[PDB]
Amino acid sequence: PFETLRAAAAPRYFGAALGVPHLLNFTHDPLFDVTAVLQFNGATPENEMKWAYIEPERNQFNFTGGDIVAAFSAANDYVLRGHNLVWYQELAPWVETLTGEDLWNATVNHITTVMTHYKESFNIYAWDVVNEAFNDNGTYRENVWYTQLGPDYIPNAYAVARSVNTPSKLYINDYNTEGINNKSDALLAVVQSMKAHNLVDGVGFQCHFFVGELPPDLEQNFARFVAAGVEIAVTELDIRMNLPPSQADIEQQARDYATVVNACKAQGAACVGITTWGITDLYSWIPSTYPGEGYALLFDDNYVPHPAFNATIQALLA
């Protein structure tokens, strides 16, 4: 109280994507784990619970990576989000050639085995069961499950997740759904249905934003999901800019983080937390995905806070 993100956010959590290779780099880069403990009280595994890592061959599970992030989280009594179970990317190659009932059987076994493991071992607050199931124009993404099983795979996946009987909230997660547009409309219609049918609890908004270009009706869109009766969370926040960073963009980034915080706070108890997709710019996915862009997180390459850090603290407290 009130100098850290985690303190300022209470009773909401303020989390970070944590990668196993950075956590285990404590010797050479202690500030990563130190900043995690001092500033954050939520965590999402960056990669190692994804299908390609956790079930690399059929019915052969590898929990090592997920267990490391979960244990770090448990030691610090973080809010832990499981991420993710059904997603067209970072999918083990053997899945992509399965057809029909065979594909569905593999998927049921994936969801059930992974969730049962973490039910018995750790406290998972929420699971991103299905990730990125829609296209920008509001149609269903034609991934392998859609192609083989049709649109019903989405509620069926939540049905399977429910049958594990964990105390985890079940979330659906996506990007470009943060404003009011075709994609968020489509997501909302499906969420309204699934919520009616007791299948989903939460909606995750990734919020991979570009500085000074946030969605115009961010808060209003959050509000209509909350009106549908789900909780929401900001799940993968970063706000990127062109490098080297201009003074104007650094200042605007501060305003943009505050804008996201305020859109969350406006929902009261229904918005449970904010997670940034990483801790420091030094390991951000952005400069390797968008060359010449970066400076997107709250701490720079030397773990010195951005001006956005102060703006986030102030918005959380106010």
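When you see a residue number, it is the position in the sequence shown, counting from 1.
Colleague: Averaging CA B factors per stretch from the PDB record, which one is higher: 279 to 287 or 54 to 62?
Modeller: Averaged over C-alpha atoms, the B-factors run higher in 54 to 62.
Colleague: Mind pulling up the entry and telling me whether 156 to 164 or 89 to 97 has the higher mean Cα temperature factor?
Modeller: So the stretch with the higher mean C-alpha B-factor is 89 to 97.
Colleague: Select one of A75, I239, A189, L218: the residue whose C-alpha shows the highest B-factor in the crystal structure entry.
Modeller: Comparing C-alpha B-factors across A75, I239, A189, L218, the maximum falls on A189.
Colleague: Say you rank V114, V211, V234, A248 by Cα B-factor from the PDB entry; which sits at the top?
Modeller: Out of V114, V211, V234, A248, the record gives the largest C-alpha B-factor to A248.
Colleague: Among the chain's modelled residues, which third holds the C-alpha B-factor of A126?
Modeller: Tercile = lowest for this residue's CA B-factor.
Colleague: Ranking the modelled residues of this chain by C-alpha B-factor as given in the entry, is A254 in the lowest, middle or highest third?
Modeller: Tercile = middle for this residue's CA B-factor.
Colleague: Could you look up the Cα B-factor of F222 in the entry and say which third of the chain it sits in: lowest, middle or highest?
Modeller: CA B-factor rank for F222: middle third.
Colleague: How does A9 rank on Cα B-factor within its chain, lowest, middle or highest third?
Modeller: Middle third - that is where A9 ends up once the chain's C-alpha B-factors are sorted.
Colleague: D201: which third of its chain by C-alpha temperature factor?
Modeller: Middle third by C-alpha B-factor.
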